[PDB]
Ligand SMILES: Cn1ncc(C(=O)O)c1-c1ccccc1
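Before any questions on binding or motion, here is one chain by itself as structure tokens, the form solved without the ligand.
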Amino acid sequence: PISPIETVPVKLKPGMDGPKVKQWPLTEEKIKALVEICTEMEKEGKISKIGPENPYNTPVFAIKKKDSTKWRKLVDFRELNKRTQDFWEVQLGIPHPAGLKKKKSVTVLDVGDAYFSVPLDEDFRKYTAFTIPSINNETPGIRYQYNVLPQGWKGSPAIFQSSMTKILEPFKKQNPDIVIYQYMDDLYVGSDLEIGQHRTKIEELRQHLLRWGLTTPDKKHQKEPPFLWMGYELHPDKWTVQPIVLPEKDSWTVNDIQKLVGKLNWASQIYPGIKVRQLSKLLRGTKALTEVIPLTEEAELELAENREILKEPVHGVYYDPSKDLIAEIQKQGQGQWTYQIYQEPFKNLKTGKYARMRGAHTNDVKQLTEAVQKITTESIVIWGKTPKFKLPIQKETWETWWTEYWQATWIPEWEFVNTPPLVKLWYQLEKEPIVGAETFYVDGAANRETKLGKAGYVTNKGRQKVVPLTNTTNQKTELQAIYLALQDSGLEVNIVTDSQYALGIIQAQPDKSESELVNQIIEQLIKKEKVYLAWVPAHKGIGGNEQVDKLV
């Protein structure tokens, strides 16, 4: 019940001191409900009848929720906790199945009542003191102090996992085949013996643990595989997601659209190709929790397609360190990219996606690199290494772009995989002005308050134009001006602008952007033979941009 485990010394935050909270009402029936418990608890040693001497106090309650046979003592350490030091974290990050290793037999022991078996740093006990009131006279009050790890306390999960880890170490050594992972009231044991032998080892471990006061039960309530864990469904050689449920409704409210999207990402770990660009586009209004949102046309289409996917069950395999780790990505098209990581051709190891949420302008190659990075990071966490890649881009493209790009990059081992769609530079801007080419001195300003602007050009050839625009901003005019010149220029053109904004955007060599204006432009860029853009300081600058601004 309690062990010769060494105790972890504890402490209260620097200035603070023990909790002195009281609660002296008495439900006669319950008082005898607790007393029974304590007597069977002090008898077992987990607590002690304490002497009235400075103990601070803590709330004691009796509980019985459903299908009663027994009660449950419950102390509220919310005030003791708020006074105890910080401890090393627990599971800063939950291990991913995609990276766990194949096993024959897996067993789970119930290590629930365990912590009461683990010792409490003597000195710190003095604070654990609660007080069970004797029914009325305002008596001395049957009073106790904890000797083990209080169910509520701050440092229990820690001090526990700590202790348990130590007790296992030896066993763990003398038995490397056995993976032992504990998860709160659970301690899983997995191996490669055949159920008979496997259950020998289980018992040994069981007995070993017993030698350390931590006991365990043989059989009590739930079932075995699949193991419902951390929203996963675990099998001895396959793994998958908890049955997910896409609801169907007449009206969806933000909170409803959220829980829907969340579930979808979750389902993406393994269900290939799931998309989410649309349903989240809707949640882009972060206010209400019950504001109703009309599933737009796309969102619906999308959600749908997500059902055809989830319709069919799908599961994933484990990691075999003898084989290679491969990774493949494909562009879905709306800034959506997908990938699946495997070692073997048919079942996957894991899948996932990479959307370009960030901002409102980006290229197809940079995005490819962003996705390749997201996976690199993911692999390092999960397999401890980088996967080999297979991607829809040809060196000529890549090697070119990373050469032109102003940012440093490092894309790893990658093999080209010719399969649509494809990633490429749909067009390149010239590096030197084009001789003979008509020069368009573009410009366009807008009235910040009247939201009225103009976009025009004046060419070397004496050609002009000015188009009145309403409901836009300089940036919009600054672009429309470049779009203008493109429309009216010929296959080759030299365009001069005074806007860094505009200049950049174009130069970023964007593949697309739902900003239909930039589209109209990007697409003209594609249709041209040779374009050359040139920046030129605004205000003080050239005299041609002046001659258009005086106009606007």
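For every residue, the number given is its place in the sequence shown, counted from 1.
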Average Cα temperature factor in the PDB entry - higher stretch of 289 to 297, 368 to 376: 289 to 297
Once average C-alpha B-factors are taken from the entry for 354 to 362 and 337 to 345, the winner is 354 to 362
Residue of maximum C-alpha B factor among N54, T497, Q487, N494, per deposited coordinates: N54
Report the option among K166, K395, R72, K461 whose CA atom has the maximum B-factor in the deposited record. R72
On the chain's distribution of Cα B-factors, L234 falls within the third called middle
Compared with the other modelled residues in the chain, in which third is the CA B-factor of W212? lowest
Third of the chain, ranked by Cα B-factor, where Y405 sits: lowest
Among modelled residues of the same chain, the CA temperature factor third for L310: middle
With respect to C-alpha B-factor, does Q182 fall in the lowest, middle or highest third of the chain as deposited? middle
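Although it is not shown, the form deposited with the ligand bound is what the next lines describe.
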Interface membership of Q480, the ligand in the deposited bound form, 4.5 Å heavy atom rule: yes
Touches the ligand in the deposited bound form: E29 (any heavy atom, 4.5 Å): no
The ligand contact at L517 in the deposited bound form, heavy atom, 4.5 Å: yes
For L469, is any heavy atom within 4.5 Å of the ligand in the deposited bound form, or not? yes
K366, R83, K476, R206 - the one with a heavy atom within 4.5 Å of the ligand in the deposited bound form: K476
